[PDB]
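Residue numbers (the authors' numbering), protein chains in the order written: chain A, 1 to 206; chain C, 1 to 90, 97 to 110, 121 to 201; chain B, 1 to 113, 119 to 206.
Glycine included, each C-beta is placed from N, C-alpha and C at the ideal position.
Report on one structure; see the data block that follows.
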Amino acid sequence: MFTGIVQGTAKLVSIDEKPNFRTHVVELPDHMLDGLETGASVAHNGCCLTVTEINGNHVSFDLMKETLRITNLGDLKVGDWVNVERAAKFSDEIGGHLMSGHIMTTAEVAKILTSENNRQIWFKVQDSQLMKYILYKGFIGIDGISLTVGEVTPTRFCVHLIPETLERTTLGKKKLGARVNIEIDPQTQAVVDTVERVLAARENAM
Amino acid sequence: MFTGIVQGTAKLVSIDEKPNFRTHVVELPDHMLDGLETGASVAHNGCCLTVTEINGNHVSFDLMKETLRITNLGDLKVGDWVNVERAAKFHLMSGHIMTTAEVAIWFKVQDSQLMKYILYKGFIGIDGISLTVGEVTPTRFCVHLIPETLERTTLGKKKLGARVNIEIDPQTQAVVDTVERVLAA
Amino acid sequence: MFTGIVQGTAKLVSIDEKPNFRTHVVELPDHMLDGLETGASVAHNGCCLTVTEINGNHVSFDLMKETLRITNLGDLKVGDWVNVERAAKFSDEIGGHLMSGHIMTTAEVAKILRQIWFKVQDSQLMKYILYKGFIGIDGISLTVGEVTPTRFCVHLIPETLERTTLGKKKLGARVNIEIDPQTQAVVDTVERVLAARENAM
Numbered sequence: 001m002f003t004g005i006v007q008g009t010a011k012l013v014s015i016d017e018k019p020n021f022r023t024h025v026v027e028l029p030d031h032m033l034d035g036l037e038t039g040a041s042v043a044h045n046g047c048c049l050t051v052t053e054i055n056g057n058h059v060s061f062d063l064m065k066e067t068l069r070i071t072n073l074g075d076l077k078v079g080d081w082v083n084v085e086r087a088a089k090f091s092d093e094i095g096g097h098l099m100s101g102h103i104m105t106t107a108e109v110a111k112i113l114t115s116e117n118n119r120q121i122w123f124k125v126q127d128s129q130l131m132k133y134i135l136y137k138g139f140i141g142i143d144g145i146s147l148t149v150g151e152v153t154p155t156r157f158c159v160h161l162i163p164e165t166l167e168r169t170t171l172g173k174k175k176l177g178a179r180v181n182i183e184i185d186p187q188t189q190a191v192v193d194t195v196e197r198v199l200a201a202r203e204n205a206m
Numbered sequence: 001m002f003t004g005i006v007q008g009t010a011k012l013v014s015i016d017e018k019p020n021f022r023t024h025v026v027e028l029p030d031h032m033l034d035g036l037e038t039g040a041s042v043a044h045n046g047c048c049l050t051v052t053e054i055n056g057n058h059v060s061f062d063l064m065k066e067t068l069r070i071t072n073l074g075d076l077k078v079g080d081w082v083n084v085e086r087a088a089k090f097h098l099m100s101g102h103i104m105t106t107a108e109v110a121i122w123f124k125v126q127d128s129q130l131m132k133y134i135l136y137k138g139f140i141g142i143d144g145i146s147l148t149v150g151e152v153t154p155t156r157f158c159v160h161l162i163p164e165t166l167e168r169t170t171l172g173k174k175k176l177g178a179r180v181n182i183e184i185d186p187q188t189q190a191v192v193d194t195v196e197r198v199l200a201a
Numbered sequence: 001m002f003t004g005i006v007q008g009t010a011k012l013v014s015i016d017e018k019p020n021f022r023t024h025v026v027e028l029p030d031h032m033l034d035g036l037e038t039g040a041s042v043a044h045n046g047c048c049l050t051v052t053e054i055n056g057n058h059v060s061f062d063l064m065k066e067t068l069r070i071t072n073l074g075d076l077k078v079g080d081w082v083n084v085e086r087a088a089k090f091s092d093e094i095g096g097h098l099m100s101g102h103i104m105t106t107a108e109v110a111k112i113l119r120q121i122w123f124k125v126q127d128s129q130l131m132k133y134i135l136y137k138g139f140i141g142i143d144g145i146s147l148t149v150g151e152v153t154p155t156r157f158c159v160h161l162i163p164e165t166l167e168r169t170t171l172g173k174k175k176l177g178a179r180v181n182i183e184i185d186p187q188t189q190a191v192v193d194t195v196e197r198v199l200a201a202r203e204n205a206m
């Protein structure tokens with residue numbers, strides 16, 4: 001599990017390609033190393049990966065072709081940067097929302113409205129069926145970033161940013177068109193799914 | 001995430017106003033400073049804000065356009081007090103303000129349409145305080161407050177016509193929306 | 001708190017009966033002993049219990065008379081096995097599906113094909134048991150398979166089957182049930198809302 005509070009941005013240092021997967025080597029922030037052992041789970045742009053090897057501030061991970069296909073991770077190139085977050089423990093506060101690290105969909109940066117001191121981004125969902133999990137003032141995961149859902153529509157939703165966000169993540173550098181990993185708030189999906197089942201159940205019981 | 005159990009009140013000691021943006025400096029109780037770091041979340045009157053700077057017990061937070069638009073924080077004046085809560089650990099609150107209400121305790125809901133989420137025997141977030149809804153009407157609702165609560169928050173000091181931040185219970189919102197979308201059909 | 005991720009199985013090596021309570025001594029997997037102290041919470045078959053004593057790898061707990069009729073723990077005989085899990089630790093990575101170790105009812109295995122069908126003791130609770138939802142069985146975090154107004158099933162993977170005592174259960178066996186807390190609230194909110202909807206009429 002993750003909080004959506006990015007602990008750092010790591011740069012992609014090398015890619016080792018294989019038939020069924022790809023190896024990603026990142027240079028991770030020094031503070032992220034203590035306690036870091038192989039097999040640990042780190043989120044890359046919100047996608048949960050496991051440590052395979054560590055060398056100084058250089059950490060390794062393997063990506064199955066599914067992951068590459070389904071997330072923006074498969075489009076990364078060396079020198080590119082990702083948001084990183086180590087797994088959450090019971091002693092950590094949840095600065096954001098409780099995130100799985102499970103990416104199924106991506107969204108596209110549809111529009112950016114920049115003004116003095118402010119930045120609002122609009123995203124367009126790939127799966128409109130998913131908008132039902134994206135509520136006004138709700139939570140949403142973006143490239144591993146926990147964010148408040150601004151105005152939403154049937155096909156898009158937007159978010160308002162603070163400087164802090166722009167200074168800690170890669171979000172601010174994403175251009176129009178950019179594909180971002182999306183993660184629906186698990187707790188929200190659960191609520192919604194549960195209601196539908198109840199309503200279905202009741203409909204039949206009639 | 002927050003619990004809605006206020007951990008303290010803090011005094012606003014500095015305000016930096018820029019177009020569509022403020023930076024508030026609050027003086028935090030020493031017991032809330034423990035383990036606080038920049039980037040962390042703290043809710044001010046139920047509103048999630050992010051620490052930008054720590055100077056002793058003086059803690060900075062930026063307030064952006066939407067925040068200013070939707071909450072009563074922009075109304076704060078130096079020397080004013082806010083309900084503060086550090087982020088939860090292991097009612098469960100998002101820290102996302104939907105609207106504000108006026109003390110009419122009975123509250124007159126500014127955006128009356130949101131009443132569909134304010135229900136009897138239900139939870140609600142008032143200025144960061146988790147509460148259960150008492151009686152309602154189409155335009156307003158009531159909450160029953162207790163002594164410790166009044167003393168430990170700025171809610172006590174809240175006078176007729178004063179505005180409060182309303183956090184809709186995320187669960188209820190999800191349910192309500194869901195129900196309608198379904199039963200619309 | 002608990003995750004629904006069973007940490008092991010332990011054999012009941014002793015039962016000391018009293019009028020008001022009972023004492024079960026289990027033999028805990030060695031891996032579960034480091035850090036364990038009296039007062040520690042350990043779930044047995046998904047039911048939260050407290051360590052009264054530690055004699056080597058044999059750990060003691062007392063069980064209230066009520067808890068005994070209410071759960072399957074009362075059914076235990078020396079030599080029987082239980083699912084065990086220590087409550088979570090600060091340092092534990094957040095995982096599983098947070099369960100409180102509180103058993104609302106039990107169910108009987110009614111058919112086995119691994120797909121197990123169950124029969125709930127307190128059937129008013131079926132409204133919290135939903136297809137595709139979560140359910141706690143003898144402290145195991147599972148997913149509800151098909152459901153009837155009477156019974157529900159689960160489909161078991163071979164690991165689980167050999168990490169827990171679930172796979173060893175036979176027809177007519179009683180299992181401890183933990184209703185997903187968040188599901189209750191939701192199920193509850195729903196009905197509230199629907200009510201409002203009619204009352205507002």
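Item to check | Integer-rounded CB distance, given that residue 187 (chain B) should sit under 8 Å from residue 190 (chain A) | outcome: On the first sequence, residue 190 (chain A) is found 190 positions in, with the first residue counted as 1. On the third sequence, residue 187 (chain B) is found 182 positions in, with the first residue counted as 1. Right, the Cβ-Cβ distance comes to about 7 Å (below 8 Å), so this counts as a contact.
Next on the checklist: Distance check for residue 42 (chain B) and residue 8 (chain B), CA to CA, integer angstroms please.
Outcome noted: Residue 8 (chain B) sits at position 8 when you count from the first residue of the third sequence. Residue 42 (chain B) sits at position 42 when you count from the first residue of the third sequence. Rounded to whole angstroms, residue 8 (chain B) to residue 42 (chain B) spans 11 Å at the Cα level.
Next on the checklist: Within 10 Å of its beta-carbon, does residue 69 (chain C) have 16 or more other beta-carbons around it, so buried, or fewer, so exposed?
Outcome noted: Residue numbering aside, residue 69 (chain C) sits at position 69 when the second sequence is read from its first letter. Exposed.
Item to check | Reduced DSSP secondary structure (H/G/I, E/B, other) of residue 6 (chain A) | outcome: On the first sequence, residue 6 (chain A) is found 6 positions in, with the first residue counted as 1. DSSP, read as helix, strand or coil, puts residue 6 (chain A) in coil.
Next on the checklist: Quick check: the Cα distance between residue 142 (chain A) and residue 196 (chain A), rounded to an integer number of angstroms?
Outcome noted: As a first step, residue 142 (chain A) is located in the first sequence; it is residue number 142 there, counting from the start. As a first step, residue 196 (chain A) is located in the first sequence; it is residue number 196 there, counting from the start. Near 26 Å, if we compare the C-alpha coordinates of residue 196 (chain A) and residue 142 (chain A).
Checklist entry - For residue 88 (chain C), is the classification buried or exposed, using 16 other Cβ atoms within 10 angstroms of its Cβ as the cut-off for buried? => result Residue numbering aside, residue 88 (chain C) sits at position 88 when the second sequence is read from its first letter. The residue is buried, with at least 16 neighbouring Cβ atoms inside 10 Å.
Next on the checklist: Only counting the same chain, and skipping five residues up and downstream in sequence, which positions put a Cβ closer than 7 Å to that of residue 156 (chain C)?
Outcome noted: Taking the second sequence and counting its residues from 1, one reaches residue 156 (chain C) at position 140. The residues 110, 122, 123, 124 and 125, in chain order, have a CB closer than 7 Å to that of residue 156 (chain C) in the same chain once the five nearest residues on each side in sequence are set aside.
Next on the checklist: Using only the alpha-carbon positions, how far apart do residue 32 (chain A) and residue 86 (chain A) sit?
Outcome noted: One-based indexing of the first sequence puts residue 32 (chain A) at position 32. One-based indexing of the first sequence puts residue 86 (chain A) at position 86. Going by the C-alpha atoms only, they are around 8 Å apart.
Next on the checklist: What does the Cβ neighbour count give for residue 101 (chain B), buried or exposed, with the cut at 16 atoms within 10 Å?
Outcome noted: Position 101 of the third sequence holds residue 101 (chain B). The residue is buried, with at least 16 neighbouring Cβ atoms inside 10 Å.
Checklist entry - In terms of residues, what are the limits of the beta strand (DSSP E) holding residue 27 (chain C)? => result As a working note, residue 27 (chain C) is residue 27 in the second sequence. Unbroken beta strand (DSSP E) run through residue 27 (chain C): 21-27.
Next on the checklist: Quick check on this structure: which residue in B:21, B:65 and B:1 has the alpha carbon closest to the alpha carbon of residue 46 (chain B)?
Outcome noted: Within the third sequence, the letter at position 46 stands for residue 46 (chain B). Closest option to residue 46 (chain B), Cα to Cα, is B:1.
Checklist entry - Roughly how many angstroms separate the alpha carbons of residue 58 (chain B) and residue 24 (chain B), rounded to a whole number? => result Against the third sequence, residue 58 (chain B) aligns to sequence position 58. Against the third sequence, residue 24 (chain B) aligns to sequence position 24. Whole-angstrom Cα-Cα distance: 10 Å.
Next on the checklist: On a Cα-Cα basis, can you pick out the residue from C:135, C:105 and C:146 that is closest to residue 136 (chain A)?
Outcome noted: By 1-based counting over the first sequence, the position of residue 136 (chain A) is 136. Out of C:135, C:105 and C:146, C:105 has the C-alpha closest to the C-alpha of residue 136 (chain A).
Checklist entry - Of the residues C:103, C:133, C:138 and C:162, which one's Cα is nearest the Cα of residue 144 (chain C)? => result One-based indexing of the second sequence puts residue 144 (chain C) at position 128. Ranking C:103, C:133, C:138 and C:162 by Cα distance to residue 144 (chain C) puts C:103 first.
Checklist entry - Which ranges does the alpha helix (DSSP H) cover as unbroken runs of at least 4 residues, wholly within the region 24-77 of chain C, from first to last along the chain? => result 65-70
Checklist entry - Does any C-beta atom of chain A lie closer than 9 Å to the C-beta of residue 50 (chain C)? => result Locating residue 50 (chain C) in the second sequence gives position 50, counting from the first residue. Residue 50 (chain C) counts as touching chain A.
Checklist entry - Quick one: what's got a C-beta closer than 6 Å to residue 74 (chain C)'s C-beta in the same chain, skipping five residues either side? => result Residue mapping note: residue 74 (chain C) aligns to position 74 of the second sequence, counting from 1. Apart from the 5 residues on each side of it in sequence, residue 74 (chain C) sits with its Cβ closer than 6 Å to the Cβ of 68 in its chain, given in chain order.
Checklist entry - So, are the CB atoms of residue 38 (chain B) and residue 26 (chain B) less than 9 Å apart? => result Locating residue 38 (chain B) in the third sequence gives position 38, counting from the first residue. Locating residue 26 (chain B) in the third sequence gives position 26, counting from the first residue. No.
Checklist entry - So who's on the other strand from residue 139 (chain B), going by DSSP bridges? => result Within the third sequence, residue 139 (chain B) is the residue found at index 134, counting from 1. The partner list for residue 139 (chain B) (beta bridge, DSSP) reads B:148.
Next on the checklist: Considering just the uninterrupted stretch of the beta strand (DSSP E) at residue 85 (chain A), what are its terminal residues?
Outcome noted: Locating residue 85 (chain A) in the first sequence gives position 85, counting from the first residue. From DSSP, the beta strand (DSSP E) with residue 85 (chain A) extends over 81-86.
Item to check | Within 9 Å, strictly: CB atoms of residue 3 (chain B) and residue 138 (chain B) | outcome: Taking the third sequence and counting its residues from 1, one reaches residue 3 (chain B) at position 3. Taking the third sequence and counting its residues from 1, one reaches residue 138 (chain B) at position 133. Going by C-beta atoms, residue 3 (chain B) is not nearer than 9 Å to residue 138 (chain B).
Next on the checklist: Tell me which residue opens and which closes the alpha helix (DSSP H) that residue 187 (chain A) is part of.
Outcome noted: Residue numbering aside, residue 187 (chain A) sits at position 187 when the first sequence is read from its first letter. Residues 186-204.
Item to check | Alpha-carbon to alpha-carbon, residue 49 (chain B) and residue 20 (chain B) | outcome: The residue you call residue 20 (chain B) lines up with position 20 of the third sequence. The residue you call residue 49 (chain B) lines up with position 49 of the third sequence. Taking the straight line joining both Cα atoms gives about 16 Å.
Next on the checklist: As a quick exercise: from C:161, C:193, C:97 and C:10, pick the residue whose alpha carbon is nearest that of residue 131 (chain A).
Outcome noted: The residue labelled residue 131 (chain A) in the question sits at position 131 within the first sequence. When only C-alpha atoms are compared, the closest one is C:193.
Checklist entry - Under a three-way DSSP split, which group does residue 129 (chain B) fall into? => result Taking the first residue of the third sequence as position 1, residue 129 (chain B) is located at position 124. It is helical.
Checklist entry - Any idea if residue 181 (chain C) is buried or exposed, counting beta-carbon neighbours within 10 angstroms, 16 or more meaning buried? => result Locating residue 181 (chain C) in the second sequence gives position 165, where the first residue counts as 1. Residue 181 (chain C) is buried by the Cβ-count criterion.
Next on the checklist: Suppose the cutoff is 6 Å on Cβ atoms and the five residues either side in sequence are ignored; what does the same chain contact list for residue 169 (chain A) look like?
Outcome noted: As a first step, residue 169 (chain A) is located in the first sequence; it is residue number 169 there, counting from the start. Excluding residues within five positions, the ones whose Cβ falls inside 6 Å are 6, 83 and 145.
Checklist entry - What residues in the region 167-200 of chain C bring their beta carbon closer than 8 Å to a beta carbon of chain A? => result 184, 186, 187, 189, 190, 191, 193, 194, 195, 197, 198 and 199
Checklist entry - Alpha carbon to alpha carbon, how far is residue 161 (chain B) from residue 16 (chain A)? => result What you label residue 161 (chain B) is simply residue 156 of the third sequence in a count that begins at 1. What you label residue 16 (chain A) is simply residue 16 of the first sequence in a count that begins at 1. Distance between residue 161 (chain B) and residue 16 (chain A), taken at the CA atoms: about 37 Å.
Checklist entry - In its own chain, which residues sit with a C-beta less than 6 Å from the C-beta of residue 172 (chain B), not counting the 5 before and 5 after it? => result For the purposes of this step, residue 172 (chain B) is taken as residue 167 along the third sequence, with counting starting at 1. 166.
Next on the checklist: If contacts are defined as beta-carbon pairs under 8 Å, then residue 99 (chain B) and residue 183 (chain B) qualify, I think. What distance do you get, rounded to the angstrom?
Outcome noted: For the purposes of this step, residue 99 (chain B) is identified with residue 99 of the third sequence, where counting begins at 1. For the purposes of this step, residue 183 (chain B) is identified with residue 178 of the third sequence, where counting begins at 1. Indeed, because the Cβ distance is near 5 Å, the residues count as touching under 8 Å.
Checklist entry - Alpha carbon to alpha carbon, what distance is there between residue 128 (chain A) and residue 147 (chain C)? => result In the second sequence, residue 147 (chain C) corresponds to position 131, counting from 1. In the first sequence, residue 128 (chain A) corresponds to position 128, counting from 1. Their backbone Cα atoms lie some 34 Å apart in a straight line.
Checklist entry - Quick one: what's residue 107 (chain B) bridged to in DSSP? => result As a first step, residue 107 (chain B) is located in the third sequence; it is residue number 107 there, counting from the start. Residue 107 (chain B) is bridged to B:125 and B:180.
Checklist entry - Anyone know if the C-beta pair for residue 62 (chain A) and residue 22 (chain A) falls short of 9 Å? => result Translated into the one-based positions of the first sequence, residue 62 (chain A) becomes position 62. Translated into the one-based positions of the first sequence, residue 22 (chain A) becomes position 22. Yes, the pair counts as a contact, with Cβ atoms nearer than the cut-off.
Checklist entry - Using the C-alpha atoms, what's the distance from residue 199 (chain A) back to residue 97 (chain C)? => result As a working mapping, residue 97 (chain C) is identified with position 91 in the second sequence. As a working mapping, residue 199 (chain A) is identified with position 199 in the first sequence. Those two C-alpha atoms are separated by around 24 Å.
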